[PDB]
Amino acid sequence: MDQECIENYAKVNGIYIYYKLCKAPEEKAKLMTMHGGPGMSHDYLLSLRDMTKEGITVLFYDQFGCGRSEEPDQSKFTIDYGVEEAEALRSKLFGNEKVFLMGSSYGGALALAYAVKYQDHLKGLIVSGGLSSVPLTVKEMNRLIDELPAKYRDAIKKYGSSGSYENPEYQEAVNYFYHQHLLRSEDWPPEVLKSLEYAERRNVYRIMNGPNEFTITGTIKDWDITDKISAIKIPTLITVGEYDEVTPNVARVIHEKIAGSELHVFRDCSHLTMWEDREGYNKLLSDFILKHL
């Protein structure tokens, strides 16, 4: 039915990286996945496991410094290193095979940076709630914040300006935003909480990203490779939720640059669409993958 995903410890260049590879039956192609954050874990992407019964193998893993993986030197907390970490893993794990790369959110940005350099080692590309620019994302998130009820908006422009991220009136504003643009479900699945827990437990999120989804003061604050992605020539699927915290306008910019790419906006979905519409999401991706073998 399913076959017990297999877990193992790697050792890519210098450090220990955890990776879970759920295989076949009837191997048609492999799909490497990249969780978001930066600084979350592979867990919230587990819903994509269903695609194994479609002949698609889904490779999971905690990126450097995340989840179960060990973190490297701080100077390596970069998207460029994450790229080399992914390529290195692929090469050491699949030799010279071609593969499909999916990316969620910051994982989407990482996937784009990967593809830009190693699309040669790539069969297909999927970007969900991703971005080619952190400054653009931030400007869009600021608009979403301004459409928020005066209370939560004012609470963000007050306690956010004094570093009072711990303040209750501030956390209450973060939950409202999240339940509107991060995940629009009653019962947040367990896998989502584990990744969230992991984000706060390790040091990647705090350093590379910042305090939260809409306060990106970390090291990637100026990252923007919008001018490089048009170099991507492989088949590409871009998805984004209607109420997505990383807005569809952000998704459009990626779409415009990658010729032949398809763009899908899931209605009534936000950022974590794998959970909001698990079935149409898994279907859309598996259809895209198979038709591009």
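When you see a residue number, it is the position in the sequence shown, counting from 1.
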property	result
Which of 210-218 and 104-112 has higher mean CA B factor, as the PDB entry lists it	210-218
Segment of higher mean CA temperature factor, 159-167 or 134-142	159-167
Largest Cα B-factor, entry values, listed residues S69, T239, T57, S41	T57
Maximum C-alpha temperature factor, selected from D80, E197, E87, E147	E87
Cα B factor band for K98 (lowest, middle or highest third within the chain)	highest
Lowest, middle or highest third - CA B-factor, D62	middle
Third of the chain's Cα B-factor distribution that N13 belongs to, per the entry	highest
Ranked C-alpha temperature factor of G129 among modelled chain residues, by third	lowest
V174 CA temperature factor, ranked by third within the chain	middle
